[PDB]
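Just so you know, residue 1 is the first one in the sequence shown, and it goes up from there. All ligand and atom numbering here is 1-based and tracks the order in the structure.
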Amino acid sequence: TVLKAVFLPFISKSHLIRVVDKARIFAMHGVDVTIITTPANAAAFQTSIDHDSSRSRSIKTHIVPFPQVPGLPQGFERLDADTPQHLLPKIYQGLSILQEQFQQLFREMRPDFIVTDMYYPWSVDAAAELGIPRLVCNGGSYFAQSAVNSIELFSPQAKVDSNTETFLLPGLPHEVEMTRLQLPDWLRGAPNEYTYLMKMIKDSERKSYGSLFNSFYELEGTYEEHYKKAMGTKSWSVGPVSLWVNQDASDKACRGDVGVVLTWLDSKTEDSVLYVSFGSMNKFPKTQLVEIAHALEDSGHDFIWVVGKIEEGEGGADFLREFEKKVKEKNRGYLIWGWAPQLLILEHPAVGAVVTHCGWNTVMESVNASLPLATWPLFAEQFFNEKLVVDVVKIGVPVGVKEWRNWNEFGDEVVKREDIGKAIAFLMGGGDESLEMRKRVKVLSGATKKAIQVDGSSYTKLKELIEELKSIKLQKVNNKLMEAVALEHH
Ligand SMILES: CC1(C)[C@@H](O[C@@H]2O[C@H](C(=O)O)[C@@H](O)[C@H](O)[C@H]2O)CC[C@]2(C)[C@H]3C(=O)C=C4[C@@H]5C[C@@](C)(C(=O)O)CC[C@]5(C)CC[C@@]4(C)[C@]3(C)CC[C@@H]12
Ligand SMILES: O=c1ccn([C@@H]2O[C@H](COP(=O)(O)OP(=O)(O)O)[C@@H](O)[C@H]2O)c(=O)[nH]1
């Protein structure tokens, strides 16, 4: 009959809200969904779950207490930027302890299939023990995963010396040039511990039923097909997930949480405000914040700056509080010190462009809101996402960042105010080339909205997947009938 699914999200904020939204999409289309999580993580999205159950979807959370770990204080259950760095491996250790409780819950709930974050590679074995399909949720774009596979297969970085020599990523449908410094540490040379984790994750994916991406075909459908052939797997684009289940203002306001900025926006003319955000994980050093502050002030344009994680005192916070005073004196700038209501802001007509670290969720949300991008990749797969934005679909301009760094370090590179200002001036300056870029993102904005409406590309992929899973459930029911009839004869 009715499919039953258990969803297992990860415990970093961006991954959590992406996989929770995928859970909400499945429940919107008839699946009886249970989301397993811990209290501090549930706090970020239980409100969204309550709104959904009122549209009488069958979706609920199942709260599991976070384990005791020596030296880990109570209440620390998330991997985000506000988390003190020495607690991260302990938090990850506590998550690992939960695996057996998760598996017991699978055996107790007996779902027809499970949908789990990529950071749970063992879940493919759990599903095989239960005899059910496991879907894996992958972060980021098909493009970025195609680029990673090109690096792994062809090693173009091995044939160059220096750090400024560009190389093509072979086999991709588009010509894409990068330097060795723009590759992740775990891909560049000898394996590190993350290289081995990624190997285990990709092996798990190859054994899984299929993968789910927050993507849509009009944006990067060529890479969706490329990726399926690179992996030899099934995959479905089911995005933009943020738009699909957060079309209401109340949902946009509460997403991932736990009005003054909206009144400020209401006072501005259309497309006049630059939105600046570097995602849920980034922490900039003071010297970088100084360059951004000067670039924003010197641009002459209105802006909202989501400052992200700031070191206290002379590590940045003192400077930003002084800068915030300055820019309120002119009514040109607005700083957001905590979690911003990103979906509500991007949809506001006053917003005209976005400075982004190329986190895939912000790229997708900006496309839906029809906003051109200034690209400032930092870590993870963001340098690959920049290539797609800048070189393939041409909806952004780069600030000019040269070097990948890990998420927990400041690196050696400081992007200077002049280079930031060049990107702002292009986006906000009204020149003809920027206007052609705005038209390109507008076309894609219309495509996003169509993709999740009835018989859009993402709607259809989800419908086809659910039909396959219904088919598998029914096959097992009819096989039991066949076995019982055979035992009757004898
Ligand atoms: C933010 C995302 C989710 C990710 O972001 C995702 O990055 C993917 C990528 O890396 O390609 C993209 O595919 C995807 O789209 C994007 O969402 C970027 C990488 C990372 C920041 C990641 C990390 O750095 C290192 C560790 C260590 C691993 C390990 C083995 C150790 O080494 O000690 C054990 C201890 C330890 C602290 C566990 C925690 C992780 C897994 C940690 C902090 C979790 C958050 C994670
Ligand atoms: O102040 C903030 C920062 C981030 N986000 C949301 O958090 C996600 C950030 O994910 P992204 O892929 O852009 O970057 P990451 O956080 O993974 O580095 C997006 O859904 C944003 O809408 C938000 O609502 N408010």
Side-chain angles (χ1 to χ4, degrees), residues 9-21 44 78-83 85-96 117-120 137-145 147-148 151 183-187 191-202 205 211 213-215 239-243 246 252-257 261 275-283 304-309 336-347 354 356-366 368-369 373 377-385 404-409:
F10 195 55
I11 63 170
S12 61
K13 176 73 91 74
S14 167
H15 272 244
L16 177 63
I17 67 195
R18 167 156 51 62
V19 167
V20 165
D21 279 2
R78 315 189 279 249
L79 305 163
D80 77 276
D82 281 0
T83 305
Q85 262 75 229
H86 69 283
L87 298 191
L88 293 186
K90 292 182 177 75
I91 290 159
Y92 190 70
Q93 179 190 354
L95 189 62
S96 312
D117 193 86
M118 56 190 301
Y119 286 105
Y120 303 111
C137 296
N138 289 344
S141 61
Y142 284 113
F143 179 85
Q145 291 315 301
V148 167
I151 291 296
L183 300 178
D185 274 5
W186 61 269
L187 263 192
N192 63 26
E193 276 317 277
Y194 195 82
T195 313
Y196 295 132
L197 177 52
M198 281 309 315
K199 170 72 174 315
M200 277 186 46
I201 288 170
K202 286 305 172 172
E205 176 170 349
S211 57
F213 280 70
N214 178 31
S215 181
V241 297
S242 71
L243 170 62
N246 300 283
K252 290 184 171 50
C254 75
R255 186 158 192 252
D257 191 14
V261 70
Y275 177 74
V276 182
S277 178
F278 301 93
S280 71
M281 309 299 308
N282 183 53
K283 167 168 74 103
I304 292 169
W305 182 8
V306 184
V307 296
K309 179 65 182 183
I336 295 173
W337 294 80
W339 186 251
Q342 182 158 306
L343 294 187
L344 272 189
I345 289 157
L346 296 183
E347 70 162 2
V354 176
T356 177
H357 71 314
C358 303
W360 191 239
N361 303 302
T362 299
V363 172
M364 297 271 287
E365 297 164 9
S366 300
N368 173 242
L373 305 186
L378 293 171
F379 47 90
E381 89 287 5
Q382 288 146 28
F383 281 79
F384 298 132
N385 293 339
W404 187 95
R405 68 165 163 83
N406 238 321
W407 86 284
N408 62 339
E409 60 179 358

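The shortest distance between side-chain heavy atoms of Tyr92 and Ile11 does not fall below 4.5 Å.
Checking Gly359, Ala380, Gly140 against atom 5 (O) of ligand 1, the nearest heavy atom belongs to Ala380. Taking all heavy atoms of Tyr119, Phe10, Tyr92 into account, the minimum distance to atom 44 (C) of ligand 1 is reached by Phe10.
No salt bridge links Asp80 with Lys309; every basic N to acidic carboxylate O contact stays at or beyond 4.0 Å.
Interface of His15 with ligand 1, defined as ligand atoms under 4.0 Å from a residue heavy atom, comprises 3 (C), 6 (C), 16 (C), 17 (O). Listed by atom number, the atoms of ligand 1 under 4.0 Å from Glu193 heavy atoms are 32 (O). The ligand atoms of ligand 1 that sit less than 4.0 angstrom from a heavy atom of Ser12 are 3 (C). Taking every heavy atom of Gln145 and a limit of under 4.0 angstrom, the matching atoms of ligand 1 come to 13 (O). Within ligand 1, the atoms closer than 4.0 Å to a non-hydrogen atom of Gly139 are 15 (O), numbered from 1 in the order shown.
For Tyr194, the ring pair (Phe, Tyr, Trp, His ring centres under 6.0 Å) partners at least two apart in sequence or on another chain are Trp186.
Not one N or O of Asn406 is nearer than 3.5 Å to an N or O of ligand 1, by distance alone.
Closer than 4.0 Å to atom 20 (C) of ligand 1 lies none of the heavy atoms of the protein. Distances from atom 36 (C) of ligand 1 to the protein include no heavy-atom value under 4.0 Å. In this structure, atom 41 (C) of ligand 1 is not in close contact with the protein, since no protein heavy atom lies within 4.0 Å of it. Counting only heavy atoms, the protein gets under 4.0 Å from atom 9 (C) of ligand 1. Under the 4.0 Å distance rule, the nearest protein heavy atom to atom 27 (C) of ligand 1 falls outside the cut-off. Checking atom 24 (O) of ligand 1 against the protein gives a heavy-atom contact under 4.0 Å.
Residues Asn361 and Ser14 bring a donor and an acceptor atom of their side chains to less than 3.5 Å of each other.
How far NE2 of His15 is from CG of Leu79: 10.5 Å, rounded to the nearest 0.5 Å.
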Could you go through ligand 2 and list every pair where one of its N or O atoms sits under 3.5 Å from a protein N or O, giving the atom names and the distance to one decimal?
| unit_1 | atom_1 | unit_2 | atom_2 | d |
| --- | --- | --- | --- | --- |
| ligand 2 | 1 (O) | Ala340 | N | 2.9 |
| ligand 2 | 10 (O) | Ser14 | OG | 3.4 |
| ligand 2 | 10 (O) | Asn361 | ND2 | 3.4 |
| ligand 2 | 12 (O) | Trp360 | N | 3.3 |
| ligand 2 | 12 (O) | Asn361 | N | 3.0 |
| ligand 2 | 12 (O) | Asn361 | ND2 | 2.8 |
| ligand 2 | 13 (O) | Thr362 | N | 3.1 |
| ligand 2 | 13 (O) | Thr362 | OG1 | 2.6 |
| ligand 2 | 14 (O) | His357 | NE2 | 3.1 |
| ligand 2 | 16 (O) | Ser280 | N | 2.8 |
| ligand 2 | 16 (O) | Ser280 | OG | 2.6 |
| ligand 2 | 17 (O) | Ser14 | OG | 2.8 |
| ligand 2 | 18 (O) | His357 | NE2 | 2.9 |
| ligand 2 | 20 (O) | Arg255 | NH1 | 3.4 |
| ligand 2 | 20 (O) | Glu365 | OE2 | 2.7 |
| ligand 2 | 22 (O) | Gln342 | NE2 | 3.2 |
| ligand 2 | 22 (O) | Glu365 | OE1 | 2.7 |
| ligand 2 | 22 (O) | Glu365 | OE2 | 3.2 |
| ligand 2 | 24 (O) | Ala340 | O | 3.3 |
| ligand 2 | 25 (N) | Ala340 | O | 2.8 |

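Checked by atom type and distance alone, the side chain of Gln382 pairs as donor or acceptor with a backbone atom of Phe379 at under 3.5 Å.
Contacts of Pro89 with ligand 1, taken as heavy-atom pairs under 4.0 Å, are absent altogether.
Here the shortest heavy-atom pairing between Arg18 and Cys137 reads NH1-CB, 4.3 Å.
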